Amino acid sequence: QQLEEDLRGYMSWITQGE
Amino acid sequence: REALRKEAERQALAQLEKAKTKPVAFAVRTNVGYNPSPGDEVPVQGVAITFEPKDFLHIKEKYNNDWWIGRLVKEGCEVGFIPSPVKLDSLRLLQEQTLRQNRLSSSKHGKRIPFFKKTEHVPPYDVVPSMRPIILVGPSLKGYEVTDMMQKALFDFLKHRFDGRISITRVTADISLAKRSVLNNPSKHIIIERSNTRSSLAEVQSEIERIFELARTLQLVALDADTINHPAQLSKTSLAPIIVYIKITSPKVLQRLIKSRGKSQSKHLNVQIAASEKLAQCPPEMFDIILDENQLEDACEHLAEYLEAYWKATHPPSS
């Protein structure tokens, strides 16, 4: 469950850096 | 006798008042601590600043050969008298002589300087930018997409969040070369070798000057320094950065993020994982702030809070 949440949060963070 | 000295103490207290509102002339980071005492002949009795090694001082003026006027860079701290390097040296010397005086002849010799050992002299103060430049490290290596994008998101956030109070600039020289001892005597450090260095020391020196100048009016300064992936790269410079560590605690998460970028990034998985591990091995005190939050908004809020506290420490209301 933490992996999944980390992935979702960090993937969003990456997109915002586009 | 004691009326002349009540008077010249009134001149000094007047100068101290006036210094509250002067601009910061320059800043230092100390290499020594100082505990004042009455015999130090402070120009106003009881108003010397106490400090520890590695503290930051903002200097308003050099009052005389023995004393500066300034403040510790800390909330609630006001201007006071700070001993000049000359004064610190004279007090240090008196402290060694007084030690010898108080020594017990039952004492034996000290542990010897081992023969031929070369030591660089460390001055009591190093001049540092008046605002510590903010440098981001992690989650992995710069120049790859996971790190570059995550870092970009944070500086984009800072640009708006501290608009009117911040400068964000790209550094064009490899600032890890800016070792205090090398910049202070460049001709003493000429090494003939084969290396992949991309910056000249002249270029590095221009960049350091540019950074100091950005900080002189006490705006926040953030640097996109692409050569800096680890705080040890700057610890022997006189930049005194605020090191912000973006920390992905789980390397399994980092691996999946790198893979999300596609084969052209994940073919470099190993180098990026190794860099992330190195940061995670670092004693935490080599970072000023650790952002281990998995949401951008949350990491941002934490960094902004830190930077608001740093703003308060650098901009007292009496300024």
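Proteins come first, then strands; the chains are lettered A, B, ... in the order of their sequence lines, and each starts at number 1.
Counting heavy atoms from C-beta outward, B/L154 and A/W13 have side chains that approach closer than 4.5 Å.
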Handout entry: Stepwise side chain to side chain contact (heavy atoms under 4.5 Å, CB included) check, A/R8 with B/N294
Key = CA-CA 8 Å; A/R8 282 156 188 55; B/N294 64 10; over 6 Å; no
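Screening B/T249, B/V253, B/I248 against A/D6 for a side-chain contact (heavy atoms from CB on, under 4.5 Å) leaves a single residue, B/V253.
Of all residues spanning residues 204-216 of chain B, none has a heavy atom less than 4.5 Å away from chain A's heavy atoms. Using a 4.5 Å cut-off between non-hydrogen atoms, the part of residues 145-153 of chain B that approaches chain A consists of B/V146, B/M149, B/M150, B/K152, B/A153.
Across all their heavy atoms, B/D292 and A/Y10 have their closest contact at O-OH, 3.9 Å.
For B/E297, no part sits under 4.5 Å from any heavy atom of chain A, backbone or side chain. Only the side chain of A/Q2 comes within contact range of chain B, with heavy atoms under 4.5 Å apart.
The structure places OG of B/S260 at 8.5 Å from CG of A/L7, a figure rounded to the nearest 0.5 Å.
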